[PDB]
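Below is one structure, written out as structure tokens; comments come after it.
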Amino acid sequence: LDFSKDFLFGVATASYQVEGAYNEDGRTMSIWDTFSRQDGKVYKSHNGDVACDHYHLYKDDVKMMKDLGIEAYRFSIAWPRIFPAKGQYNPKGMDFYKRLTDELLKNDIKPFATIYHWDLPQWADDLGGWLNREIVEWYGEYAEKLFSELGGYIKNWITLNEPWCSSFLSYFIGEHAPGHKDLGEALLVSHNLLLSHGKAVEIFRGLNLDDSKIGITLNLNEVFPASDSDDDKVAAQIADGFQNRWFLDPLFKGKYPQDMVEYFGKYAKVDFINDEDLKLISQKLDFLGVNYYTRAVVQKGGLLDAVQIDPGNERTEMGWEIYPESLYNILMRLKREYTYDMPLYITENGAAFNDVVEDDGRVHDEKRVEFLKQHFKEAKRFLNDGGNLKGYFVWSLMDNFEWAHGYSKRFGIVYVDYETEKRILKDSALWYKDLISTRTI
Ligand code: NA
Ligand code: NA
Ligand code: NA
């Protein structure tokens, strides 16, 4: 077999992107409910009030996954369902994740739970959010409650999804909630996110849950200089430090990357760095989840102003270059520089294309079939070169709410007709079903 029977073929979603039921069974608003109601923040003022209605349709969706042969399901847990007010636990919110995970297990699907996938409760943001160091304790209490109530259901835990997005994209670029534009704030948020991750790991190890694993998920790219010039080499180094090393180094080396500490320090405070915090941040993990989509080609441009070059190759509807070799290059880089023999999962990879249901009732998404084929071939090549890849989760199970793009970008292997909430298997889902069945590519 190209992929062993123990290899996990998975799919992934996130709570606010698919669940809907935004005001039901005690759920209160997250920063994204609020953000999507602010004019100009989200495409056509789309929001996740209803999304895919997965909260109500979860049994049908699990049956769909079973019929595809899905072996693992990565989802996130909505903090505002579990603690809809500070210190106020909501058993009805917990009950959803129990019946969801009970359904998954009874259909032979391994649950992978993301504790935080960007839907911070509005009550927490009103108290300062990720800028308030006290969030470390709020997050730890939330995580401990999940570990204690769901530890018999879920054995694979992910603390945070893509902390680069929750920090720089949300507080510096301002495209994501809460939408600040302040480099110093983004840097502090990145530190408090990592410290909160560390607190959850410390709680996790103290519980000593049998056969349970914990990790984190990072979106990673590969940065190419546009030319062999020294200017473009420095630009690539900064861009690589900004996207990848700012998170990889504290997690796996116990130290922020010094070139970036000095670079950022020309523009903002970096005084949050201290030894005690970096010891918590760098606690040993059981696995690393890698979210990979594309590379960047950069030339010198100013503060983080590298011009992004278009190398003229095929792209997705996001404008992201289709460059499968960087999946292998990034996995090898981790093996050789950061994670060594530690298990790796691809916790997201996928693509947005202009999907259309044709008169035959089918979605002939050939470009997504070819995209996934090329990237799974690179995963296979990593394995046959000795990489410790344990699974691969396609983003996404279904079309969903794509953050600032609303519903205009479709990432699913399953098409959702939002008017009816009908699920339509795309050709990529049928291709994936065959890959799982044959384990051959
Ligand atoms: Na939602
Ligand atoms: Na809205
Ligand atoms: Na580790």
Side-chain angles (χ1 to χ4, degrees), residues 13-43 45-51 53-55 75-97 113-146 159-163 165-182 185-186 188-190 192-193 195-197 199-200 400-406:
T13 64
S15 47
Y16 191 72
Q17 297 188 262
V18 299
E19 281 176 12
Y22 85 107
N23 56 5
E24 289 181 36
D25 295 329
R27 189 183 173 279
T28 57
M29 320 255 285
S30 81
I31 61 177
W32 267 97
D33 302 68
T34 309
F35 195 61
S36 61
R37 287 168 166 75
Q38 306 188 15
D39 299 2
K41 295 317 181 177
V42 174
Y43 178 83
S45 305
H46 291 178
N47 62 44
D49 287 0
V50 176
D53 198 19
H54 171 73
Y55 186 87
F75 63 94
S76 77
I77 296 174
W79 200 338
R81 287 198 194 284
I82 311 299
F83 289 91
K86 193 176 183 295
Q88 198 218 282
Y89 173 60
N90 178 25
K92 285 173 178 100
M94 194 57 86
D95 279 355
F96 171 64
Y97 296 102
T114 305
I115 297 170
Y116 181 73
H117 204 128
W118 310 354
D119 55 337
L120 185 76
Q122 189 60 41
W123 64 254
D125 200 56
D126 293 349
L127 296 174
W130 295 109
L131 283 172
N132 184 347
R133 193 182 166 99
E134 170 128 23
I135 195 146
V136 174
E137 275 308 288
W138 307 338
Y139 175 82
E141 169 176 353
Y142 164 52
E144 196 173 353
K145 179 57 88 171
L146 297 185
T159 51
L160 315 169
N161 175 77
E162 295 182 335
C165 295
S166 293
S167 53
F168 295 111
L169 201 48
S170 299
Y171 282 87
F172 174 47
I173 299 147
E175 176 187 345
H176 285 183
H180 299 196
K181 298 195 182 182
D182 182 311
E185 287 185 356
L188 176 60
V189 161
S190 72
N192 288 341
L193 283 156
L195 197 56
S196 299
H197 155 83
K199 175 62 53 187
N400 57 60
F401 177 78
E402 185 44 39
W403 307 116
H405 296 267

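Sequential numbering from 1 along the given sequence is applied to the chain's residues. Heavy-atom basis, side chains included; hydrogens, waters and symmetry copies ignored.
Contact check on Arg27 versus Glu19 returns no salt bridge, with no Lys/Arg side-chain nitrogen under 4.0 Å from an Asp/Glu carboxylate oxygen. For the pair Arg37 and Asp49, the salt-bridge criterion is met [side-chain N within less than 4.0 Å of a carboxylate O].
Using bins of under 30°, 30° to 60° and over 60° for the plane-to-plane angle, the ring pair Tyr142/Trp79 lands in the parallel bin. Taking the six-membered ring where the residue is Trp, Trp118 and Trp32 present parallel rings, their angle staying beneath 30° rather than reaching 60°.
In terms of heavy atoms, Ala186 sits closest to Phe168 at CB-CD2, 3.8 Å. The two residues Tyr116 and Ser166 have their closest heavy-atom pair at CE2-OG, 3.7 Å. Residue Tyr139 comes nearest to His197 through the heavy atom pair CE2-N, 4.1 Å, listed as atom of the first residue, atom of the second, then distance. In terms of heavy-atom proximity, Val42 sits nearest to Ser36 at CG2-CA, 3.7 Å. When all heavy atoms of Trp123 and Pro84 are compared, the closest pair comes out as CD1-O, 3.3 Å. Nearest approach of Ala51 to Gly20, heavy atoms of both residues: CB-N, 3.9 Å.
With no hydrogens or angles considered, no side-chain donor-acceptor pair links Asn47 and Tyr22 at under 3.5 Å.
Under the 4.5 Å side-chain criterion, counting only non-hydrogen atoms from C-beta, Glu175 is not in contact with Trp403. Side chains of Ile82 and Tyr89 form a contact here, defined as non-hydrogen atoms less than 4.5 Å apart. In this structure, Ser190 and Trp130 have side chains that are not in contact, with every pair of non-hydrogen atoms separated by 4.5 Å or more. Counting heavy atoms from C-beta on, the side chains of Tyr55 and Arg81 come closer than 4.5 Å. In this structure the side chain of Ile173 never reaches within 4.5 angstrom of the side chain of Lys181, judged on heavy atoms. At least one side-chain heavy atom of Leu127 sits less than 4.5 Å from a side-chain heavy atom of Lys86. For the pair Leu195/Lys199, no side-chain contact is recorded, criterion being any heavy-atom separation below 4.5 Å from C-beta on. Side-chain contact between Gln17 and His54: absent, with no pair of heavy atoms (C-beta onward) separated by less than 4.5 Å.
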### Message
Determine whether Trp138 and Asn132 satisfy the following criterion, side-chain contact (heavy atoms from CB on, under 4.5 Å), listing intermediate values before the conclusion.
### Response
CA-CA 10 Å; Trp138 307 338; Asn132 184 347; 3.8 Å; yes

### Task
List the steps, then state whether side-chain contact (heavy atoms from CB on, under 4.5 Å) holds for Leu131 with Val189.
CA-CA 5 Å; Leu131 283 172; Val189 161; 3.6 Å; yes

### Task
Go through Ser196 and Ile135 one step at a time and tell me if the side-chain contact (heavy atoms from CB on, under 4.5 Å) criterion holds.
CA-CA 7 Å; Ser196 299; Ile135 195 146; 4.1 Å; yes

### Task
Please test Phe75 against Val18 for side-chain contact (heavy atoms from CB on, under 4.5 Å), starting from the C-alpha separation and ending with a verdict.
CA-CA 10 Å; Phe75 63 94; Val18 299; over 6 Å; no

### Task
Check the pair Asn161, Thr114 against side chain to side chain donor-acceptor pair (under 3.5 Å), reporting the backbone distance first and the verdict last.
CA-CA 7 Å; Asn161 175 77; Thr114 305; 5.6 Å; no

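A cation-pi arrangement is absent between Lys145 and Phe83 under the rule of less than 6.0 angstrom and at most 45 degrees off the ring axis.
Expressed to the nearest 0.5 Å, how far CZ of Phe172 lies from OG of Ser167 amounts to 11.0 Å. Here CD1 of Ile77 is found 13.0 Å from NE2 of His117. Values are rounded to the nearest 0.5 Å. Annotation: the span from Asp119 atom CG to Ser15 atom OG amounts to 3.5 Å, rounded to 0.5 Å. Separation of atoms CG (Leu120) and CG (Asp125) is listed at 6.0 Å; rounding is to 0.5 Å.
Under a 3.5 Å cut-off, the side chain of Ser170 and the backbone N or O of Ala177 do form a donor-acceptor pair.
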